[PDB]
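Read through the structure below, which is laid out as structure tokens, and then see the notes.
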């Protein structure tokens with residue numbers, strides 16, 4: 399009984415960890431919709447600087 | 411000779427009775443220990459799982 403419950407807890411834990419990882423990824427600011435273009439030209443935008 | 415042998419036979423039966431008596435007293439203690447071990451396993455290892 400102890401081995402069986404142990405397996406169920408592990409499966410739930412692995413699923414829980416994977417979900418947290420995905421949520422963290424989806425909350426990345428660069429992925430989030432059309433923030434109003436930045437008013438300042440990004441240092442990485444070489445064309446606008448030129 | 412028979413009396414001696416049978417005296418020795420009685421000695422053997424008595425020595426065995428002593429061993430059995432000692433053996434049965436030890437078994438009684440072991441059963442008590444096994445009962446405590448099983449209860450301790452349920453309390454320490456199984457009862458905490460529902461919370462996890």
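Protein chains in written order, with the deposited numbering: chain B, 399 to 448; chain D, 411 to 462.
Note that the Cβ used here is the ideal one computed from N, Cα and C, for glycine as well.
Distance cut-off 6 Å: residue i Cβ against heavy atoms of the ligand SAH
{"i": "residue 429(B)", "result": "You won't find the ligand SAH in this model; it holds no ligand whatsoever."}
Within chain D, the residues that residue i reaches when beta carbons sit closer than 9 Å
{"i": "residue 403(B)", "result": "456, 459, 460, 462"}
Where the alpha helix (DSSP H) containing residue i begins and where it ends
{"i": "residue 412(B)", "result": "400-424"}
{"i": "residue 442(D)", "result": "412-451"}
{"i": "residue 444(B)", "result": "444-447"}
Chain-ordered neighbours of residue i on chain D, where CB pairs are closer than 8 Å
{"i": "residue 399(B)", "result": "456"}
Within chain D, partners of residue i - CB distance below 7 Å
{"i": "residue 427(B)", "result": "Result: empty, since nearest Cβ-Cβ is about 34 Å, beyond 7 Å."}
Beta-carbon proximity list for residue i, same chain, < 8 Å, skipping 5 on both sides
{"i": "residue 452(D)", "result": "none"}
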